[PDB]
**Student:** 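Please see the structure below; I have some questions.
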Protein chains: 2
Amino acid sequence: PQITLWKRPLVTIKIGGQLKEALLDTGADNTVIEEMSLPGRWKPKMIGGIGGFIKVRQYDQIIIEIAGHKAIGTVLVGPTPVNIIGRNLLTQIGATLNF
Amino acid sequence: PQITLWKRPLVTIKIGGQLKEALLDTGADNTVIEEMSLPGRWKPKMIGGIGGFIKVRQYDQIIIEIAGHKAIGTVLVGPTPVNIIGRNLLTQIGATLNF
Ligand SMILES: [C][C]([C])[C]N([C][C]([O])[C]([C]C1=[C][C]=[C][C]=[C]1)[N]C(=O)O[C]1[C]O[C]2O[C][C][C]12)S(=O)(=O)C1=[C][C]=C([B]([O])=O)[C]=[C]1
Ligand SMILES: [Cl-]
Ligand SMILES: [Cl-]
Ligand SMILES: [Cl-]
């Protein structure tokens, strides 16, 4: 699609067989999702947002579908106000900014 | 242009007679700029993201040139770690996300 920005660019994602709502976020290096159960081992990561730095759990090689497009990559799990799809997965689905 | 997302989508903006680097951020409702002076009236506001909330000054009807395109709208000024061009101005330059 071509998504305009008059409203939040929310899409449906599927991760662990569950549907969730998430925000397509070019200002996010990383994909970060609210607390949920994911398989495998995780690693610690610190990410800095507008209000400061937080600790999250980094899971690699996670299968995730974004607005119908299959991706497999790193997902951070932690206290984010909304699920955000960052550039690490936007690149996998071929997303660009255009004007 | 067409901006790939392998790296942060940083562009040069002109605001209040100063040049700054800023992120084209589809995840941001509003444009948020690091501390600077702007003319006219303002009111305080609180905005929240990852890491919590920060207090900002809200200036309305501010002109910004974004990668050579002029837009006008509200600008929030405060202790953001990165200058963010949010949807309120991304729409004005005709920016879309495409995949
Ligand atoms: C979280 C989003 C729902 C809203 N944010 C916009 C995001 O794009 C934000 C932008 C950003 C980028 C760098 C540093 C700080 C912030 N990136 C972000 O946190 O990314 C994290 C995950 O990847 C990492 O890489 C970048 C930081 C880490 S926000 O800045 O908090 C915001 C909130 C309210 C309003 B308003 O007008 O009400 C406007 C903006
Ligand atoms: Cl990844
Ligand atoms: Cl506006
Ligand atoms: Cl339009």
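Values below: every heavy atom of this structure, side chains too, minus hydrogens, waters and symmetry copies. Numbers restart at 1 for each chain; the letters A, B, ... are given by sequence-line order, proteins then strands.
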**Student:** What distance do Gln92(B) atom CD and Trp6(A) atom CH2 have between them, rounded to the nearest 0.5 Å?
**Tutor:**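 Rounded to the nearest 0.5 Å, the CD-CH2 separation comes to 5.0 Å.
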
**Student:** Kindly compute the distance separating CD1 (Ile15(B)) from OH (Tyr59(B)), expressed to the nearest 0.5 Å.
**Tutor:** 10.0 Å

**Student:** Tell me the salt bridge (charged side-chain N to carboxylate O under 4.0 Å, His left out) pairs involving residues 76-86 of chain A, sequence neighbours left out?
**Tutor:** none

**Student:** In Å and rounded to the nearest 0.5 Å, what is the OG1 to CD distance from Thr4(A) to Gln2(A)?
**Tutor:** 8.0 Å

**Student:** Indicate yes or no for a side-chain donor-acceptor contact from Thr31(A) to the backbone of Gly86(A) under 3.5 Å, with no hydrogens or angles considered.
**Tutor:**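 Side chain of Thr31(A) to backbone of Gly86(A), a donor-acceptor pair under 3.5 Å: yes, one is there.
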
**Student:** Would you sort out whether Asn88(B) and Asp29(B) count as a side chain to side chain contact (heavy atoms under 4.5 Å, CB included), showing the intermediate values?
**Tutor:** CA-CA 6 Å; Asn88(B) 79 299; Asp29(B) 297 342; over 6 Å; no

**Student:** With a 4.5 Å limit on heavy-atom distance, are the side chains of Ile85(B) and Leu90(B) in contact?
**Tutor:**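 Yes, side chains in contact.
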
**Student:** Show your reasoning for whether side chain to side chain donor-acceptor pair (under 3.5 Å) applies to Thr12(A) and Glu21(A).
**Tutor:** CA-CA 5 Å; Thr12(A) 296; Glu21(A) 183 180 78; over 6 Å; no

**Student:** Is any side-chain heavy atom of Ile3(A) less than 4.5 Å from a side-chain heavy atom of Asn98(B)?
**Tutor:** no

**Student:** Show me, pair by pair, the donor-acceptor contacts under 3.5 angstrom made by side chains of residues 32-55 of chain B, not counting sequence neighbours?
**Tutor:**
unit_1: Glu34(B); atom_1: OE2; unit_2: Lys20(B); atom_2: NZ; d: 2.6
unit_1: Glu34(B); atom_1: OE2; unit_2: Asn83(B); atom_2: ND2; d: 3.0
unit_1: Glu35(B); atom_1: OE1; unit_2: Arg57(B); atom_2: NH1; d: 2.9

**Student:** Could you tell me if the side chain of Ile13(B) sits less than 4.5 Å from the side chain of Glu65(B), heavy atoms only?
**Tutor:**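 A side-chain contact under 4.5 Å is absent here.
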
**Student:** Check whether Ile64(B) and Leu97(A) end up in the same hydrophobic cluster, where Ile, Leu, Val, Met, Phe, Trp and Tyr are linked by side-chain heavy atoms less than 4.5 Å apart.
**Tutor:**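 Yes, it is one cluster - the side chains of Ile64(B) and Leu97(A) are joined through contacts under 4.5 Å.
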
**Student:** Rounded to the nearest 0.5 Å, how far apart are CG of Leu89(A) and CD1 of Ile62(A)?
**Tutor:** 10.5 Å

**Student:** Tell me which donor-acceptor pairs under 3.5 Å the side chains of residues 66-82 of chain A have, and how far apart each pair is, sequence neighbours excluded?
**Tutor:**
unit_1: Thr74(A); atom_1: OG1; unit_2: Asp60(A); atom_2: OD1; d: 2.8
unit_1: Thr80(A); atom_1: OG1; unit_2: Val82(A); atom_2: N; d: 3.4
unit_1: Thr80(A); atom_1: OG1; unit_2: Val82(A); atom_2: O; d: 2.7

**Student:** Please report the shortest heavy-atom distance between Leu5(B) and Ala95(A), naming the atom on each side.
**Tutor:**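 Reported closest heavy-atom pair: CD1-O, 3.4 Å.
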
**Student:** Verify, without hydrogens or angle tests, whether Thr26(A) (side chain) and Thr26(B) (backbone) share a donor-acceptor contact under 3.5 angstrom.
**Tutor:**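 Yes, the answer is positive, given that a donor and an acceptor are paired below the 3.5 Å cut-off.
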
**Student:** Is the number of heavy atoms from other residues, nucleotides or ligands within 6.0 Å of CD (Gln18(B)) greater than 12?
**Tutor:**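 Atom CD in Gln18(B) is crowded, with more than 12 foreign heavy atoms closer than 6.0 Å.
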
**Student:** State, to 0.1 Å, how close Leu23(A) and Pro9(A) come at their nearest heavy-atom pair, and which atoms those are.
**Tutor:** CD1-CD, 3.5 Å

